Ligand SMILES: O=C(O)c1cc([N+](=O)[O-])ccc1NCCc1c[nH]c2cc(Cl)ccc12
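Next up: just one chain, as structure tokens, the form deposited without the named molecule.
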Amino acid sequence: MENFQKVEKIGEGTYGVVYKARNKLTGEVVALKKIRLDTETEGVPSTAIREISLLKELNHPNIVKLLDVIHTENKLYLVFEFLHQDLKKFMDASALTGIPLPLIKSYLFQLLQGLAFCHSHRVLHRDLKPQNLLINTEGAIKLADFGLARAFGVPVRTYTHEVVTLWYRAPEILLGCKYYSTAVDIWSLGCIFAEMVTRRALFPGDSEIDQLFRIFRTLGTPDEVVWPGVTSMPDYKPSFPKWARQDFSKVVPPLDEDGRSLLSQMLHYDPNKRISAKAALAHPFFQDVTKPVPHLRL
């Protein structure tokens, strides 16, 4: 760790504190991740150490490279490759003009490819979000910081606790599903797809209940008709307000029909009815895909 000179704070997260560092020996710039441990009342730090190393062999052009893991003391560090910008800073710097469709489509195609990859290895991300997506000058985009089945260590008290932004969280996770599948990542990606098009978060909930109701008000309240088993779910309540379903024309304009269709299959309430990453790659929406490069101010 002392073999890395910090440059600046590159990011955050519930899992740790991301920094832009330079290898004192190599010279190459990396993205070092500080993960503090709770030696007061620790739990399965060895069960995790193995789940982290399984990520080192997870190489794909659309997945940020985990270079190496260094466990020294009360801290655990993850050395990642560095890209020049996260999709949040880019979207914000594009709120005025809007990310061109060819670029939005290129991005979705790659994300779906990398997501399709890690999925075929029974690996999920669980916490997809624009700040976790890294882009470069050459027009590529990668998925970053794959969350574990159960995070660990010690939460941040300065950044303001553990649970913060739950805008792209799937309804099954909100309804209490403890054994969720690859579908949670697709929902999240579907929410990012929409935000990139409309230039406004699809479902910007403050809390869990608000997130869930924010989804209900737009896609209508789920029932046994559209989501078999929804009412038997751990956190469902018969007293849930019953809202009407809205047209995607009103939800994601001016996305063409090809886009609204694909996004509609990504935001299906029923996890088992939700479109798979590799299935979404064959969608007609990707008929005329290309890889244009972004305009970046670094």
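Numbers for residues come from their place in the sequence shown, where the first is 1. Only the largest set of C-alpha atoms that superpose within 1.5 Å between the two forms is called the rigid core.
Unshown form deposited with the named molecule bound; subsequent notes refer to it.
*Asks:* Can you check whether the pocket is open or blocked when the named molecule is overlaid onto this chain using its placement in the bound PDB entry? Blocked = 3+ ligand atoms within 2.4 Å of backbone or C-beta.
*Replies:* Check flagged, pocket reads blocked.
*Asks:* For the chain seen here without its partner, which of 203 to 211, 141 to 149, 189 to 197, 100 to 108 has a heavy atom within 4.5 Å of the named molecule in the bound PDB entry?
*Replies:* Contact-bearing stretch, as computed: 141 to 149.
*Asks:* Contact between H121 and the named molecule in the bound PDB entry at 4.5 Å, heavy atoms?
*Replies:* Within the cut-off, so yes.
*Asks:* I'd like to know whether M233 contacts the named molecule in the bound PDB entry, with contact meaning heavy atoms within 4.5 angstroms.
*Replies:* No.
*Asks:* Is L175 close to the named molecule in the bound PDB entry, meaning a heavy atom pair under 4.5 Å apart or at it?
*Replies:* Answer no; every heavy atom of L175 is more than 4.5 Å from the named molecule in the bound PDB entry.
*Asks:* Please tell me whether any heavy atom belonging to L66 falls inside 4.5 Å of a heavy atom of the named molecule, as the geometry stands in the bound PDB entry.
*Replies:* Flag for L66 set to yes.
*Asks:* Using the arrangement in the bound PDB entry, list in sequence order the residues of 32 to 64 with any heavy atom within 4.5 angstroms of the named molecule.
*Replies:* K33, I35, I52, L55, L58, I63, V64 sit within 4.5 Å of the partner.
*Asks:* Looking at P61, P45, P254, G229, which has a Cα shift of 2 angstroms or more between this form and the one not shown when the rigid core is held fixed?
*Replies:* Per the superposition, the moving residue is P45.
*Asks:* Does superposing the core leave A95 with a CA shift of 2 Å or more between this form and the one not shown?
*Replies:* No, the C-alpha position differs by under 2 Å between this form and the one not shown.
*Asks:* When the rigid core is used for the superposition, does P204 move between this form and the one not shown (threshold: C-alpha shift of 2 Å or more)?
*Replies:* Shift of 2 Å or more: no.
*Asks:* Once the core is aligned, please say if the CA of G176 is shifted by at least 2 angstroms between this form and the one not shown.
*Replies:* False for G176: its C-alpha shift is below 2 Å.
*Asks:* Pin down for me whether the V44-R36 Cα distance shrinks or grows in the bound PDB entry relative to this form (closer or farther, change of 3 Å or more).
*Replies:* Compared with this form, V44 and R36 lie closer in the bound PDB entry.
*Asks:* Versus the form shown, are the CA atoms of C118 and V154 closer or farther apart in the bound PDB entry, given a shift of 3 angstroms or more?
*Replies:* Closer in the bound PDB entry, by 3 Å or more.
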